[PDB]
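> Based on what follows, work out the 3D shape:
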Amino acid sequence: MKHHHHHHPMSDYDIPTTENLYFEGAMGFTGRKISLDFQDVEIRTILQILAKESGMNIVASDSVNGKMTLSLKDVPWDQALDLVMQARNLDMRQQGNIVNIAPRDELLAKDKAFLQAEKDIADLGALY
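Residues are numbered from 1 along each chain as shown. Coordinates below:
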């Protein structure tokens, strides 16, 4: 809208004067704070636990291996996910509420492999 700029009239840097739908205490994270310990637990299982903590539907890839010790207090899985993700360098492919945790290694392997597995909507490919 013409707030100041009627050339490129979308107020980005110009600041969007947005109507407050009561943005006072409406923040939150994706998850709740978690306090838990997982000592000598495979990281693969940890990612699954984050999903089971109402943390979307995260599918840890088969190639997510390693073992890590977490001891968390007052840390939301939002934050903890980063600590975990950085520990073997993984990444997350988010498609909807289902996200896949894949190692950065497999991301690079996916570049080498076929990117477009689907060219028609037909589900085939039992064995990779």
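
> and the residue nearest to residue 89 when sequence neighbours are not counted, what does it touch?
Spatial nearest neighbour of residue 89, excluding adjacent residues (Cβ to Cβ, 6 or more residues apart in numbering): residue 104 at 4.3 Å. Placement of C-beta: from N, CA and C, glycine included. By Cβ atoms under 8 Å, 6 or more residues apart in numbering, the residues touching residue 104 are 89, 90, 91.

> give me the beta-bridge partners of the residue minimising distance to the centre of the chain?
By Cα atoms, centre = their mean, the chain has its centre lying nearest to residue 92, at 5.1 Å. Beta-bridge partners recorded for residue 92 (DSSP bridges): residue 101.

> residues in contact with it?
58, 81, 85, 99, 100, 101, 102.

> ok, now residue 72?
34, 35, 36, 37, 80.

> For residue 50, which three-state class applies?
helix (DSSP: H, G, I helix; E, B strand; the rest coil).

> Which parts of stretch 29-40 count as buried, going by neighbours?
31, 34, 38 (16 or more other Cβ atoms under 10 Å).

> what about the residue nearest to residue 89, distance to residue 87?
Residue 104 sits 12 Å away from residue 87, going by Cβ to Cβ, to the nearest Å.

> again with residue 123
The value you get for residue 123 to residue 87, if Cβ to Cβ is used, is 34 Å.

> Next: residue 108.
From residue 108 to residue 87 the distance is 18 Å (Cβ to Cβ).

> More neighbours: the two, which one.
Ranked by neighbour count (other Cβ atoms under 10 Å), residue 108 and residue 87 place residue 87 first, with 15 against 10.

> Let me see the contact set for the residue lying closest to that one once chain neighbours are set aside.
Spatial nearest neighbour of residue 87, chain neighbours left out: residue 68 (5.5 Å); criterion: Cβ to Cβ, 6+ apart. Counting by Cβ under 8 Å, 6+ apart, residue 68 touches 38, 41, 42, 43, 46, 84, 87, 88.
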